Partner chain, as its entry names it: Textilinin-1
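Take a look at this single chain, the form solved without the partner chain, given in structure tokens.
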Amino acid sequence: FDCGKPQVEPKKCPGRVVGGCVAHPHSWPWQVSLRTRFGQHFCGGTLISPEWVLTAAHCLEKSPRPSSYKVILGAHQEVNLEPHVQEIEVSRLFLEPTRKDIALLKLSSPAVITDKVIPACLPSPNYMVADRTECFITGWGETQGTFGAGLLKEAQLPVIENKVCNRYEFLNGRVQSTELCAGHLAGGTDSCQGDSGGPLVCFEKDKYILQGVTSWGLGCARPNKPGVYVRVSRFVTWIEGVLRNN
């Protein structure tokens, strides 16, 4: 299975939809659920190869021990995992040094690549997603009793170019180049999307490319403000670097 090519067609929730949608099961096969050693889903991540998951550094705040983390792959249900889900322990935690906003998780054993577990592709270094590029943020979310509680959801977000996002009216110059914005400049969601560390993928040509990593700390979308994500393209040399040495 090539990276970024789901074997189940994402339903591709229309942007207008409030609350996003429930994902077509396994249509986002790189979607990882980071868990404590006690079955608790508390973060999202993106499978980027069979032994590596990309997630937000914030997800690693509770513990510095790789062993404290379980990466579950191929899931749709948050609690009642289908019998095929893969549960793999993290053996390594590499914090991106320059920004420390994302971290790579090496899996104890390589993930078995199937039609439900396929990594997301990585963009070319420095690629800058074009303004208005439609992308989807996926994840389980924390809120419970809410629409799609316990189900992998997705929300379509258009990318808001940095020059526009940084206008004083939106992010007023707080977003760096190592970051990217996504979400309508008006009418947007008044809530943090996906999961901390979850994927922001954008279809391009043949496949989905992981263009952002969710990090609510950078900023969640307000009705009149897009959310801010870590721009993966500015960390690809670091990632591929960490992946060929370790």
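Positions refer to the first chain, counted from 1.
Although not depicted, the form deposited with the partner chain bound is the subject of the following passage.
Participant: Should residue 214 be counted as a contact of the partner chain in the deposited complex, where contact means heavy atoms within 4.5 Å?
Facilitator: Within the cut-off, so yes.
Participant: Any of the heavy atoms of residue 43 lying within 4.5 Å of the partner chain in the deposited complex?
Facilitator: Judged by the heavy-atom cut-off of 4.5 Å, residue 43 is in contact with the partner chain in the deposited complex.
Participant: May I ask you to state whether residue 87 is within 4.5 Å of the partner chain in the deposited complex, using heavy atom distances?
Facilitator: Residue 87: no, not in contact with the partner chain in the deposited complex.
Participant: Taking any heavy atom pair closer than or equal to 4.5 Å as contact, tell me whether residue 192 reaches the partner chain in the deposited complex.
Facilitator: Yes - in the deposited complex, heavy atoms of residue 192 and the partner chain come within 4.5 Å of each other.
Participant: Between 59, 53, 210, 181, only one gets a heavy atom within 4.5 angstroms of the partner chain in the deposited complex; which residue is that?
Facilitator: When the partner chain is considered in the deposited complex, the option within 4.5 Å is 59.
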